[PDB]
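Containing mmCIF, C-alpha atoms and all ligand atoms: structure-v7.cif.
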```
data_final
#
loop_
_atom_site.label_atom_id
_atom_site.label_comp_id
_atom_site.auth_asym_id
_atom_site.auth_seq_id
_atom_site.Cartn_x
_atom_site.Cartn_y
_atom_site.Cartn_z
CA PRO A 1 -116.55 -16.03 -114.82
CA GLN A 2 -117.25 -14.07 -111.65
CA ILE A 3 -115.68 -10.59 -111.73
CA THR A 4 -115.40 -8.81 -108.34
CA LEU A 5 -115.46 -5.06 -108.44
CA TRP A 6 -112.37 -4.25 -106.40
CA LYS A 7 -110.75 -3.17 -109.69
CA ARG A 8 -112.38 -1.90 -112.89
CA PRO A 9 -114.07 -4.94 -114.53
CA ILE A 10 -112.04 -4.67 -117.77
CA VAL A 11 -112.26 -7.62 -120.14
CA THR A 12 -110.73 -8.70 -123.42
CA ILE A 13 -112.92 -8.18 -126.44
CA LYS A 14 -112.35 -9.07 -130.05
CA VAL A 15 -113.99 -6.83 -132.58
CA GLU A 16 -113.11 -7.55 -136.21
CA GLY A 17 -109.56 -8.90 -135.86
CA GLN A 18 -108.89 -6.28 -133.22
CA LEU A 19 -108.25 -7.09 -129.63
CA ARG A 20 -109.35 -4.49 -127.23
CA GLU A 21 -109.94 -4.11 -123.60
CA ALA A 22 -113.44 -3.07 -122.70
CA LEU A 23 -115.00 -2.27 -119.35
CA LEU A 24 -118.13 -4.27 -118.48
CA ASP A 25 -120.45 -1.47 -117.55
CA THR A 26 -123.83 -2.05 -115.91
CA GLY A 27 -124.46 1.70 -115.92
CA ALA A 28 -124.39 1.89 -119.73
CA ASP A 29 -127.43 1.28 -121.92
CA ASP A 30 -125.24 1.02 -124.93
CA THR A 31 -121.80 -0.25 -125.89
CA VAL A 32 -119.29 2.39 -126.84
CA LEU A 33 -116.07 1.66 -128.57
CA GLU A 34 -113.27 4.10 -128.40
CA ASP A 35 -111.91 5.33 -131.73
CA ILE A 36 -111.60 1.98 -133.55
CA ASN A 37 -112.81 1.90 -137.17
CA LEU A 38 -115.52 -0.62 -137.92
CA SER A 39 -116.13 -1.80 -141.41
CA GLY A 40 -119.78 -1.34 -142.36
CA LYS A 41 -122.34 1.45 -142.55
CA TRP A 42 -123.63 3.42 -139.54
CA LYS A 43 -126.33 5.89 -138.44
CA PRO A 44 -125.77 9.03 -136.31
CA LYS A 45 -126.46 8.83 -132.59
CA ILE A 46 -125.67 10.70 -129.40
CA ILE A 47 -125.04 9.17 -125.91
CA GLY A 48 -125.05 11.25 -122.73
CA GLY A 49 -122.92 10.70 -119.69
CA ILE A 50 -121.66 12.55 -116.67
CA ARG A 51 -121.44 16.18 -117.74
CA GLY A 52 -122.23 15.92 -121.44
CA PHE A 53 -123.20 14.20 -124.65
CA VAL A 54 -120.90 12.74 -127.26
CA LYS A 55 -121.69 12.04 -130.89
CA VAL A 56 -121.22 8.45 -131.90
CA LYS A 57 -121.59 6.24 -134.95
CA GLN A 58 -123.97 3.45 -134.31
CA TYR A 59 -123.25 0.17 -136.10
CA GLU A 60 -125.77 -2.64 -136.05
CA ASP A 61 -125.12 -6.40 -136.19
CA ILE A 62 -121.47 -5.89 -135.06
CA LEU A 63 -119.95 -9.13 -133.75
CA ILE A 64 -118.12 -8.66 -130.48
CA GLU A 65 -116.22 -11.53 -128.91
CA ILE A 66 -116.33 -10.76 -125.16
CA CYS A 67 -114.08 -12.65 -122.79
CA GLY A 68 -114.63 -15.95 -124.64
CA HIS A 69 -118.37 -15.46 -125.31
CA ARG A 70 -119.49 -13.93 -128.59
CA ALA A 71 -122.41 -11.49 -128.98
CA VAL A 72 -123.75 -9.58 -132.05
CA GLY A 73 -125.20 -6.13 -131.35
CA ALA A 74 -125.49 -2.44 -132.00
CA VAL A 75 -122.11 -0.97 -131.26
CA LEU A 76 -121.57 2.75 -130.82
CA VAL A 77 -118.21 4.15 -131.90
CA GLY A 78 -117.04 7.54 -130.71
CA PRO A 79 -114.63 9.63 -128.63
CA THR A 80 -115.16 7.92 -125.27
CA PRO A 81 -112.27 7.43 -122.79
CA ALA A 82 -112.75 3.66 -122.61
CA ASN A 83 -114.34 0.84 -124.48
CA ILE A 84 -117.66 0.39 -122.74
CA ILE A 85 -119.61 -2.85 -122.98
CA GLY A 86 -123.15 -1.76 -122.17
CA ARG A 87 -126.14 -3.83 -121.05
CA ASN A 88 -127.11 -4.32 -124.76
CA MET A 89 -124.02 -6.56 -125.04
CA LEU A 90 -123.93 -7.66 -121.42
CA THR A 91 -127.33 -9.44 -121.55
CA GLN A 92 -126.12 -11.63 -124.43
CA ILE A 93 -123.02 -12.95 -122.74
CA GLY A 94 -125.52 -13.71 -119.93
CA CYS A 95 -123.92 -11.29 -117.48
CA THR A 96 -125.64 -10.52 -114.13
CA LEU A 97 -124.97 -8.40 -111.08
CA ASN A 98 -124.64 -10.54 -107.98
CA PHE A 99 -124.85 -9.82 -104.25
CA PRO B 1 -130.05 -11.06 -105.41
CA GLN B 2 -129.23 -11.71 -109.04
CA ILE B 3 -129.94 -8.71 -111.27
CA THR B 4 -130.08 -9.39 -115.04
CA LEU B 5 -129.21 -6.49 -117.26
CA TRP B 6 -132.21 -6.49 -119.57
CA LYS B 7 -133.32 -3.28 -117.87
CA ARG B 8 -131.21 -0.70 -115.96
CA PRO B 9 -130.09 -2.35 -112.69
CA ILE B 10 -131.75 0.31 -110.50
CA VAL B 11 -132.04 -0.51 -106.79
CA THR B 12 -133.48 1.01 -103.65
CA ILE B 13 -131.02 2.80 -101.41
CA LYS B 14 -131.51 4.49 -98.08
CA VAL B 15 -129.23 7.40 -97.39
CA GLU B 16 -129.96 9.29 -94.15
CA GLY B 17 -133.73 8.80 -93.88
CA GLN B 18 -134.02 9.30 -97.62
CA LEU B 19 -135.09 6.61 -100.00
CA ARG B 20 -133.60 6.86 -103.38
CA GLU B 21 -133.26 4.79 -106.43
CA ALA B 22 -129.71 4.24 -107.54
CA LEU B 23 -128.21 2.48 -110.51
CA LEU B 24 -125.71 -0.27 -109.69
CA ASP B 25 -122.92 0.84 -111.93
CA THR B 26 -119.90 -1.35 -112.62
CA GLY B 27 -118.43 1.35 -114.88
CA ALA B 28 -118.23 3.87 -112.00
CA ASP B 29 -115.20 4.06 -109.74
CA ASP B 30 -117.16 6.20 -107.35
CA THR B 31 -120.70 6.55 -106.12
CA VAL B 32 -122.51 9.69 -107.17
CA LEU B 33 -125.69 10.90 -105.63
CA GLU B 34 -127.91 13.24 -107.46
CA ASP B 35 -128.71 16.56 -105.74
CA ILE B 36 -129.59 15.21 -102.26
CA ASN B 37 -128.17 17.12 -99.28
CA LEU B 38 -126.00 15.09 -96.96
CA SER B 39 -125.41 16.19 -93.43
CA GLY B 40 -121.68 16.39 -92.66
CA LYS B 41 -118.58 18.05 -94.07
CA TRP B 42 -117.14 17.41 -97.55
CA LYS B 43 -114.06 18.01 -99.72
CA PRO B 44 -114.08 19.20 -103.37
CA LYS B 45 -113.69 16.58 -106.10
CA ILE B 46 -114.30 16.18 -109.82
CA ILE B 47 -115.51 13.03 -111.66
CA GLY B 48 -115.29 12.64 -115.45
CA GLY B 49 -117.70 10.77 -117.64
CA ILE B 50 -118.80 10.61 -121.24
CA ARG B 51 -118.21 14.08 -122.65
CA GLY B 52 -117.11 15.95 -119.54
CA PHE B 53 -116.20 16.42 -115.85
CA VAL B 54 -118.72 17.45 -113.11
CA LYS B 55 -117.80 19.01 -109.77
CA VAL B 56 -118.96 17.01 -106.80
CA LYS B 57 -118.83 17.17 -103.03
CA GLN B 58 -117.17 14.13 -101.66
CA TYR B 59 -118.43 12.89 -98.29
CA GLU B 60 -116.59 10.21 -96.35
CA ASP B 61 -118.03 7.59 -93.97
CA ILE B 62 -121.56 8.08 -95.47
CA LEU B 63 -123.84 5.14 -94.59
CA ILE B 64 -125.75 3.86 -97.59
CA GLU B 65 -128.33 1.09 -97.19
CA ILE B 66 -128.32 -0.68 -100.58
CA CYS B 67 -131.12 -3.06 -101.45
CA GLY B 68 -131.17 -4.58 -97.93
CA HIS B 69 -127.38 -4.55 -97.45
CA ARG B 70 -125.69 -1.61 -95.72
CA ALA B 71 -122.29 -0.15 -96.70
CA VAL B 72 -120.35 2.89 -95.36
CA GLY B 73 -118.28 4.80 -97.94
CA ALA B 74 -117.14 7.92 -99.72
CA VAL B 75 -120.18 9.30 -101.45
CA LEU B 76 -119.93 11.97 -104.11
CA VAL B 77 -122.82 14.42 -104.39
CA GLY B 78 -123.31 16.53 -107.47
CA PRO B 79 -125.33 17.28 -110.60
CA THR B 80 -125.46 13.78 -112.09
CA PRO B 81 -128.57 12.53 -114.01
CA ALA B 82 -128.94 9.41 -111.79
CA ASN B 83 -127.82 8.16 -108.45
CA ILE B 84 -124.86 5.95 -109.37
CA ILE B 85 -123.60 3.28 -106.98
CA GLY B 86 -120.00 2.84 -107.97
CA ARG B 87 -117.61 -0.04 -107.34
CA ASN B 88 -116.51 1.69 -104.08
CA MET B 89 -119.97 0.81 -102.69
CA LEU B 90 -120.59 -2.22 -104.85
CA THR B 91 -117.62 -4.20 -103.43
CA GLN B 92 -119.05 -3.86 -99.92
CA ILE B 93 -122.49 -5.25 -100.63
CA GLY B 94 -120.43 -8.09 -102.19
CA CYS B 95 -121.62 -7.38 -105.72
CA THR B 96 -120.04 -9.25 -108.66
CA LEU B 97 -120.51 -9.40 -112.39
CA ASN B 98 -121.50 -12.89 -113.51
CA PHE B 99 -121.42 -14.67 -116.88
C1 LIG A 101 -121.54 4.59 -121.90
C2 LIG A 101 -122.74 5.50 -121.91
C3 LIG A 101 -123.66 5.03 -123.04
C4 LIG A 101 -123.47 5.63 -120.56
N1 LIG A 101 -124.75 6.28 -120.75
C5 LIG A 101 -125.94 5.72 -120.50
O1 LIG A 101 -126.12 4.55 -120.19
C6 LIG A 101 -127.09 6.66 -120.67
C7 LIG A 101 -128.05 6.64 -119.50
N2 LIG A 101 -127.80 6.34 -121.89
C8 LIG A 101 -127.84 7.26 -122.84
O2 LIG A 101 -127.09 8.24 -122.85
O3 LIG A 101 -128.83 7.06 -123.88
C9 LIG A 101 -128.73 7.70 -125.16
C10 LIG A 101 -129.70 8.86 -125.26
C11 LIG A 101 -129.52 9.84 -126.24
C12 LIG A 101 -130.40 10.92 -126.35
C13 LIG A 101 -131.47 11.03 -125.46
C14 LIG A 101 -131.65 10.05 -124.49
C15 LIG A 101 -130.77 8.97 -124.38
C16 LIG A 101 -122.72 6.48 -119.56
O4 LIG A 101 -121.71 7.11 -119.87
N3 LIG A 101 -123.25 6.54 -118.33
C17 LIG A 101 -122.42 6.94 -117.20
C18 LIG A 101 -123.07 7.95 -116.27
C19 LIG A 101 -124.55 8.18 -116.43
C20 LIG A 101 -125.45 7.58 -115.54
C21 LIG A 101 -126.82 7.82 -115.66
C22 LIG A 101 -127.29 8.67 -116.66
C23 LIG A 101 -126.40 9.28 -117.55
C24 LIG A 101 -125.03 9.04 -117.44
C25 LIG A 101 -121.88 5.78 -116.35
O5 LIG A 101 -122.98 4.90 -116.13
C26 LIG A 101 -120.65 5.05 -116.94
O6 LIG A 101 -120.42 3.86 -116.18
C27 LIG A 101 -119.35 5.87 -117.02
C28 LIG A 101 -118.28 5.10 -117.81
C29 LIG A 101 -117.15 6.00 -118.27
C30 LIG A 101 -115.95 6.01 -117.56
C31 LIG A 101 -114.90 6.84 -117.97
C32 LIG A 101 -115.05 7.65 -119.09
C33 LIG A 101 -116.24 7.64 -119.81
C34 LIG A 101 -117.29 6.81 -119.41
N4 LIG A 101 -118.87 6.24 -115.70
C35 LIG A 101 -118.64 7.50 -115.31
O7 LIG A 101 -118.84 8.49 -116.02
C36 LIG A 101 -118.10 7.68 -113.90
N5 LIG A 101 -116.74 8.20 -113.92
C37 LIG A 101 -115.70 7.52 -113.40
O8 LIG A 101 -115.79 6.41 -112.88
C38 LIG A 101 -114.36 8.18 -113.47
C39 LIG A 101 -113.61 7.56 -114.65
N6 LIG A 101 -113.61 8.07 -112.22
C40 LIG A 101 -113.36 9.19 -111.53
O9 LIG A 101 -113.98 10.22 -111.76
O10 LIG A 101 -112.34 9.23 -110.49
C41 LIG A 101 -111.40 10.33 -110.44
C42 LIG A 101 -110.73 10.64 -111.78
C43 LIG A 101 -110.63 11.95 -112.23
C44 LIG A 101 -110.03 12.26 -113.46
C45 LIG A 101 -109.50 11.25 -114.28
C46 LIG A 101 -109.60 9.93 -113.84
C47 LIG A 101 -110.21 9.62 -112.60
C48 LIG A 101 -119.06 8.57 -113.11
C49 LIG A 101 -120.39 7.88 -112.89
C50 LIG A 101 -118.50 9.03 -111.77
#
```
Translate this file's structure into structure tokens.
Amino acid sequence: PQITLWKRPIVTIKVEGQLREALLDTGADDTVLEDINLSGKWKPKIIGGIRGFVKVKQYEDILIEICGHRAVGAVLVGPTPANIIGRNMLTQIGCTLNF
Amino acid sequence: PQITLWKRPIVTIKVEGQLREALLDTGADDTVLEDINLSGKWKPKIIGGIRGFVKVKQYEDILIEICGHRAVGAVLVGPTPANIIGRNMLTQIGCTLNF
């Protein structure tokens, strides 16, 4: 679809039988999922933001179903305020900025 | 133009005779400019991110020339790692997410 930016570009995602709402975020390298247990093993990682750095679990090969389009990727899981779909996921659903 | 998200969607902006590079950031409500003095008066404001909340100077009616398209807006100025063009500015250059 074509999402205008008058409101936050939140979309439905489906990660392992769990529906969430994630924000499509062009200013995020990575995808960060807020406090939702993912089956599988992970490796420790730290993303930085505005202000600080949070500790996250990185999971590889996670399947995320984003607004009707699937995409497998590294997914970071950690105490972030929102689900963030970063460019790593956004390139796979073929998402572009447009003006 | 059409910016794919394989790399950070950084673009040229012109803010008061100053060229900067800003990231077009769909996950930012506001626009945040990194440590570059803006003529004019401001009001105190605080944006939150990943981890924490930075103090910024909000300036109204700031003219930002974004990748060939102008846009006047509230611009927040404060110790952020990057210039971030938030949705507030991104709606005016007619920028949409596209997949
Ligand atoms: C999701 C992250 C992986 C993302 N980080 C990255 O992409 C960075 C560059 N990559 C990275 O960290 O790489 C890993 C690494 C590790 C070690 C060494 C080197 C590298 C990120 O948080 N980046 C953010 C800022 C940034 C930019 C450049 C460099 C570093 C950080 C925004 O782009 C991102 O879009 C966030 C999304 C977000 C929203 C809400 C909560 C948490 C995260 N927006 C923001 O932080 C913006 N805030 C907002 O939009 C808030 C929500 N609105 C607001 O403040 O309005 C008033 C308000 C006040 C109080 C409550 C509610 C509203 C900010 C730019 C102004």
Which chain B residues are at most 10 Å from chain A (counting only C-alpha atoms), as a ChimeraX atom specification? /B:1-10,23-29,32,47-55,67,69,79-82,84-99
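One finds atom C11 of ligand LIG 101 (chain A) at 21.6 Å from CA of residue 35 (chain B).
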Atom pair CA of residue 37 (chain A) + atom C11 of ligand LIG 101 (chain A), distance 21.5 Å
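With only C-alpha atoms taken into account, the protein and nucleic acid residues at most 10 Å from residue 76 (chain A) (excluding it and anything under 4 positions from it in its own chain) are residues 30, 31, 32, 33, 34, 38, 42, 43, 44, 45, 46, 47, 55, 56, 57, 58, 59, 60, 62, 80, 83, 84, 85 and 86 of chain A.
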Pairwise distance, atom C43 of ligand LIG 101 (chain A) with CA of residue 78 (chain B), equals 14.3 Å
_Non-local contacts of residue 66 (chain B) (8 Å; all atoms listed in the file; under 5 positions in same chain excluded) as a VMD selection string_ = chain B and resid 11 to 14 71 93
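Here the question is which of B:63, B:22, B:72, B:36 gets nearest to ligand LIG 101 (chain A) using all atoms listed in the file, and that residue is B:22.
For the set B:64, B:18, B:75, B:39, the residue with the smallest atom-to-atom gap to ligand LIG 101 (chain A) is B:75, counting all atoms listed in the file.
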Box in all listed atoms of region 59-74 of chain B, axis-aligned, with 5 Å more on each side; write out centre and edge lengths in Å to one decimal as JSON.
```
{"center_x": -123.9, "center_y": 4.2, "center_z": -97.7, "size_x": 24.6, "size_y": 27.5, "size_z": 17.5}
```
Shortest contact to residue 40 (chain A), candidates A:70, A:65, A:20, A:77, atoms counted only C-alpha atoms, goes to A:77
